[PDB]
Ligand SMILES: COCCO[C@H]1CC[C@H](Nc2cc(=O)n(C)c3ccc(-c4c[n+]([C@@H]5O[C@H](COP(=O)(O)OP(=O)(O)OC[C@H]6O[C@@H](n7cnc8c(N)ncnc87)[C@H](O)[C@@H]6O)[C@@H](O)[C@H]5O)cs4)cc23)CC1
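Shown next as structure tokens: one chain only, the form solved without the named molecule.
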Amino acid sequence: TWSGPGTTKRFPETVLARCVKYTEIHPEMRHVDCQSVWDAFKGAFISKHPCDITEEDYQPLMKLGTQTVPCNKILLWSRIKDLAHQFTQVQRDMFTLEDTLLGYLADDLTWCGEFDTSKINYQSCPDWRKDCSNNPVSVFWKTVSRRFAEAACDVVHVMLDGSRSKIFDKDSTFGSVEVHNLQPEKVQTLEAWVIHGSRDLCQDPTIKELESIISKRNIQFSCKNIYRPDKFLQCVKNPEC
């Protein structure tokens, strides 16, 4: 028995229906065979010990789910999922990771298999902290978020939560993976949007630490306060405020 929750009820059906919905919405993805996507997804973790998963296991899925996102329209986020997706819900030329096909398919789901059999484990799955970090879910997110960050160019944006004790956290997906996978060739600038929940937060010690990381990687850093998130979303919806 693992410590984490088991695979989400109706995981196979949910992934397939998400794929059908996404490929209907996006005409550039209507080529995608959703059965093949599911087979590739399932093939990454079925009949495998769920502490023994690697990025290689997900390669067939990455090939089938590959997508050209306009590299100058990428929004990264850390600990502020809610507002990030509300933003891209309105500003529809922009993409977070969960607005890509692969990110859309997996968002809010858990899954794992087992060594002995070809069955999905609905009982329990490894928790990253208590059991093992090389589990089907964590390895999936590590793989797709690295590729997404590698794809970015020009000005990459990151939404951060100004109400947290650490606005930027080095130990997050953003702070340990995405930030080291932005390519200095492609990416001229990382612009942080600090969301307030009020005074300028762009000199916060953790923002200074983010700046330091970014500069050391030969990318320019810029920081902006969003002092009133409501007004911000209203003004993106109707610019004429």
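Heads up, when I say rigid core I mean the largest set of C-alphas that superpose within 1.5 Å between the two forms. Don't overthink the numbering: it's just position in the shown sequence, from 1.
S.K.: Rigid core superposition, C-alpha RMS per stretch in 4 other deposited structures of this protein: which comes out larger, 218 to 226 or 12 to 20?
M.R.: Relative to the shown form, the greater RMS C-alpha distance in 4 other deposited structures of this protein belongs to 218 to 226.
S.K.: Please work out whether 3 to 11 or 230 to 238 has the higher root mean square C-alpha deviation in 4 other deposited structures of this protein relative to the shown form, with the rigid core as fitting region?
M.R.: When 3 to 11 and 230 to 238 are compared in 4 other deposited structures of this protein, the bigger C-alpha shift is seen for 230 to 238.
S.K.: Is there a break between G197 and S198, and how many deposited residues does it span: none, 1 to 3, 4 to 9, or 10 or more?
M.R.: 4 to 9 residues lack coordinates between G197 and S198.
S.K.: Count up the deposited residues without coordinates from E240 to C241 and drop the result into none, 1 to 3, 4 to 9, or 10 or more.
M.R.: Gap size class: 1 to 3 residues without coordinates, per the record.
S.K.: Please compare 44 to 52 with 200 to 208 and say which has the higher mean C-alpha temperature factor in the record.
M.R.: Mean C-alpha B-factor is greater for 200 to 208.
S.K.: Between 134 to 142 and 85 to 93, name whichever shows the higher mean Cα B factor according to the PDB entry.
M.R.: According to the entry, 85 to 93 carries the higher average C-alpha B-factor.
S.K.: Per the entry, which of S165, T110, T100, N121 tops the list for Cα B factor?
M.R.: Of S165, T110, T100, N121, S165 has the highest C-alpha B-factor.
S.K.: Per the entry's Cα B factor values, which of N181, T189, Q59, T66 stands out as the maximum?
M.R.: In the PDB entry, the greatest C-alpha B-factor among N181, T189, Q59, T66 is found at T66.
S.K.: Pull the Cα B-factor of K231 out of the PDB entry and bin it into the chain's lowest, middle or highest third.
M.R.: It falls in the top third of the chain.
S.K.: Report the third (lowest, middle or highest) to which the CA temperature factor of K170 belongs, ranking only the modelled residues of the same chain.
M.R.: Tercile = highest for this residue's CA B-factor.
S.K.: Based on the entry's values, in what third of the chain does the Cα temperature factor of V155 lie: lowest, middle or highest?
M.R.: Ranked within chain, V155 CA B lands in the middle tercile.
S.K.: Looking at the C-alpha B-factor of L76, is it in the lowest, middle or highest third of its chain?
M.R.: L76: CA B-factor falls in the lowest third of its chain.
Below, we turn to the form deposited with the named molecule bound, even though it does not appear here.
S.K.: Once the site C-alphas are superposed and the named molecule is modelled as in the deposited bound form, is the result open or blocked, blocked being 3 or more ligand atoms within 2.4 Å of any backbone or C-beta atom of this form?
M.R.: Pocket open on this form.
S.K.: The named molecule is absent from this chain, but in the deposited bound form, do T23, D39 and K63 each have a non-hydrogen atom within 4.5 Å of it?
M.R.: Not one of the three qualifies.
S.K.: Wondering, does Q203 line up within 4.5 Å of the named molecule in the deposited bound form on heavy atoms?
M.R.: So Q203 does not count as contacting the named molecule.
S.K.: Considering only heavy atoms, tell me if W77 and the named molecule come within 4.5 Å of each other in the deposited bound form.
M.R.: Looking in the deposited bound form, residue contacts with the named molecule include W77, since a heavy atom lies within 4.5 Å.
S.K.: At the 4.5 Å heavy atom threshold, is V137 in contact with the named molecule in the deposited bound form?
M.R.: Yes - in the deposited bound form, heavy atoms of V137 and the named molecule come within 4.5 Å of each other.
S.K.: In the deposited bound form, is there a heavy atom of the named molecule that lies within 4.5 Å of any heavy atom of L97, even though the partner is absent here?
M.R.: Heavy-atom contact with the named molecule at 4.5 Å: present for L97.
S.K.: Under a 4.5 angstroms heavy atom criterion, identify the one residue in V177, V69, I213, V32 near the named molecule in the deposited bound form.
M.R.: The option sitting close enough to the partner is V177.
S.K.: If we check the named molecule in the deposited bound form, which of the residues in 120 to 143 reach within 4.5 angstroms of it by a non-hydrogen atom?
M.R.: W128, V137, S138, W141, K142, in sequence order.
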